[PDB]
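What follows is one structure encoded as structure tokens, with my remarks underneath.
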Amino acid sequence: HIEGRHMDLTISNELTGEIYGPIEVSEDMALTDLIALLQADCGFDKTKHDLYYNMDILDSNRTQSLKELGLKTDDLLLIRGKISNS
């Protein structure tokens with residue numbers, strides 16, 4: 001029911017099964033800044049892990065805004081590993 005330039009995006013760790021909060025972020029937030037938050041809270045590391053949306057990779061070098069990625073308050077973002085043992 002709530003609409004606006006601030007949206008709640010849910011984060012989940014495909015590696016561990018952990019479910020992080022819907023974090024209140026803005027359409028105007030850069031992709032790089034979203035990852036900057038994920039580094040602090042989710043312990044994300046762009047060298048060991050990748051951020052996924054629509055099951056494809058969001059390159060950590062994209063300086064685009066969440067708005068340009070088409071993200072909304074109903075979206076799920078996944079943390080998936082770059083390295084796998086099997």
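Residues are named by chain letter and number: chains run A, B, ... in the order of the structure tokens, numbers start at 1 in each chain, and ligands are numbered from 1 in the order shown.
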Please list as a PyMOL selection string every residue within 12 Å of residue 45 (chain A), counting only C-alpha atoms and excluding residues in the same chain fewer than 2 positions away.
chain A and resi 35-43+47-51+60+79-83
From chain A, collect each residue whose DSSP state is strand (DSSP E) and return the set as a PyMOL selection string.
chain A and resi 6-13+19-26+49-53+56-58+76-81
Export, as a tab-separated table (two decimals), in the first residue's frame, the selected residues with N, CA, C and O atoms.
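Full text of part08.tsv as output:
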chain	number	residue	atom	x	y	z
A	6	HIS	N	11.25	5.82	-1.89
A	6	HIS	CA	11.94	5.00	-0.90
A	6	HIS	C	11.19	3.68	-0.98
A	6	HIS	O	9.96	3.69	-1.09
A	7	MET	N	11.92	2.59	-1.06
A	7	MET	CA	11.37	1.28	-1.34
A	7	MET	C	12.09	0.27	-0.48
A	7	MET	O	13.24	0.49	-0.09
A	8	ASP	N	11.43	-0.83	-0.17
A	8	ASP	CA	11.97	-1.83	0.73
A	8	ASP	C	12.40	-3.03	-0.10
A	8	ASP	O	11.58	-3.71	-0.71
A	9	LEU	N	13.70	-3.26	-0.17
A	9	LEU	CA	14.24	-4.35	-1.00
A	9	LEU	C	14.76	-5.43	-0.09
A	9	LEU	O	15.52	-5.18	0.82
A	10	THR	N	14.31	-6.64	-0.36
A	10	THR	CA	14.63	-7.77	0.51
A	10	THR	C	15.88	-8.46	0.01
A	10	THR	O	16.05	-8.66	-1.19
A	11	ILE	N	16.77	-8.77	0.93
A	11	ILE	CA	18.06	-9.37	0.60
A	11	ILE	C	18.10	-10.78	1.16
A	11	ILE	O	17.71	-11.02	2.30
A	12	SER	N	18.58	-11.73	0.38
A	12	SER	CA	18.70	-13.11	0.86
A	12	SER	C	19.99	-13.77	0.39
A	12	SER	O	20.45	-13.54	-0.73
A	13	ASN	N	20.59	-14.56	1.25
A	13	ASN	CA	21.87	-15.19	0.95
A	13	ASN	C	21.67	-16.59	0.41
A	13	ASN	O	21.42	-17.52	1.16
A	19	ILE	N	18.19	-14.76	5.63
A	19	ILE	CA	17.25	-13.79	5.09
A	19	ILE	C	17.48	-12.49	5.84
A	19	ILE	O	17.27	-12.40	7.04
A	20	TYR	N	17.95	-11.48	5.11
A	20	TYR	CA	18.21	-10.17	5.68
A	20	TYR	C	16.94	-9.36	5.50
A	20	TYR	O	15.97	-9.80	4.87
A	21	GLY	N	16.91	-8.17	6.09
A	21	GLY	CA	15.68	-7.40	6.13
A	21	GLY	C	15.31	-6.77	4.83
A	21	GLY	O	16.19	-6.48	4.01
A	22	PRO	N	14.01	-6.48	4.62
A	22	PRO	CA	13.82	-5.49	3.57
A	22	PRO	C	14.42	-4.19	4.07
A	22	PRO	O	14.03	-3.64	5.11
A	23	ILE	N	15.44	-3.74	3.37
A	23	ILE	CA	16.16	-2.54	3.74
A	23	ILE	C	15.58	-1.37	2.97
A	23	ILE	O	15.28	-1.47	1.78
A	24	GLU	N	15.39	-0.27	3.68
A	24	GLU	CA	14.74	0.90	3.10
A	24	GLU	C	15.77	1.73	2.31
A	24	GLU	O	16.62	2.43	2.86
A	25	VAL	N	15.68	1.61	1.00
A	25	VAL	CA	16.63	2.24	0.09
A	25	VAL	C	15.87	3.08	-0.90
A	25	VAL	O	14.65	3.01	-0.98
A	26	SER	N	16.56	3.92	-1.65
A	26	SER	CA	15.90	4.81	-2.60
A	26	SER	C	16.17	4.42	-4.03
A	26	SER	O	17.19	3.85	-4.35
A	49	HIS	N	31.85	-12.67	-3.86
A	49	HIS	CA	30.41	-12.82	-4.07
A	49	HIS	C	29.92	-11.83	-5.12
A	49	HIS	O	30.60	-10.86	-5.43
A	50	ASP	N	28.73	-12.10	-5.63
A	50	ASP	CA	28.06	-11.25	-6.61
A	50	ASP	C	26.66	-10.98	-6.12
A	50	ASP	O	26.07	-11.80	-5.40
A	51	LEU	N	26.12	-9.84	-6.52
A	51	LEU	CA	24.75	-9.47	-6.20
A	51	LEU	C	23.92	-9.85	-7.42
A	51	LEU	O	24.32	-9.54	-8.55
A	52	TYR	N	22.82	-10.54	-7.20
A	52	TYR	CA	21.97	-11.02	-8.28
A	52	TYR	C	20.60	-10.38	-8.23
A	52	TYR	O	20.00	-10.24	-7.16
A	53	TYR	N	20.07	-10.07	-9.40
A	53	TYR	CA	18.71	-9.57	-9.56
A	53	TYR	C	18.19	-10.22	-10.82
A	53	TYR	O	18.93	-10.35	-11.79
A	56	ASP	N	20.28	-12.79	-12.70
A	56	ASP	CA	21.46	-12.41	-13.47
A	56	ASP	C	22.36	-11.54	-12.57
A	56	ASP	O	21.94	-11.13	-11.49
A	57	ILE	N	23.59	-11.32	-12.99
A	57	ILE	CA	24.60	-10.64	-12.17
A	57	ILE	C	24.53	-9.12	-12.31
A	57	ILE	O	24.64	-8.55	-13.41
A	58	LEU	N	24.43	-8.43	-11.18
A	58	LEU	CA	24.56	-6.99	-11.15
A	58	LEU	C	26.04	-6.67	-10.94
A	58	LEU	O	26.56	-6.79	-9.83
A	76	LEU	N	13.32	-8.97	-4.82
A	76	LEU	CA	14.23	-9.79	-4.02
A	76	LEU	C	15.60	-9.80	-4.67
A	76	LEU	O	15.74	-10.04	-5.88
A	77	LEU	N	16.62	-9.53	-3.87
A	77	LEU	CA	18.00	-9.52	-4.32
A	77	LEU	C	18.69	-10.70	-3.66
A	77	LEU	O	18.46	-11.00	-2.49
A	78	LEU	N	19.55	-11.38	-4.41
A	78	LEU	CA	20.24	-12.56	-3.91
A	78	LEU	C	21.74	-12.35	-3.82
A	78	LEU	O	22.36	-11.74	-4.70
A	79	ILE	N	22.34	-12.91	-2.79
A	79	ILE	CA	23.79	-12.88	-2.61
A	79	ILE	C	24.28	-14.27	-3.00
A	79	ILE	O	23.90	-15.25	-2.36
A	80	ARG	N	25.08	-14.36	-4.04
A	80	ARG	CA	25.53	-15.66	-4.55
A	80	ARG	C	27.04	-15.64	-4.70
A	80	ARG	O	27.65	-14.60	-4.91
A	81	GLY	N	27.67	-16.80	-4.51
A	81	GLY	CA	29.11	-16.87	-4.51
A	81	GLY	C	29.73	-16.95	-5.88
A	81	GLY	O	29.23	-17.59	-6.79
So the first atom is CA of residue 16 (chain A) and the second is CA of residue 75 (chain A); what is the distance between them in Å, to one decimal place?
19.4 Å
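In this comparison, which uses only C-alpha atoms, the residue of A:63, A:17, A:5, A:55 approaching residue 30 (chain A) most closely is A:63.
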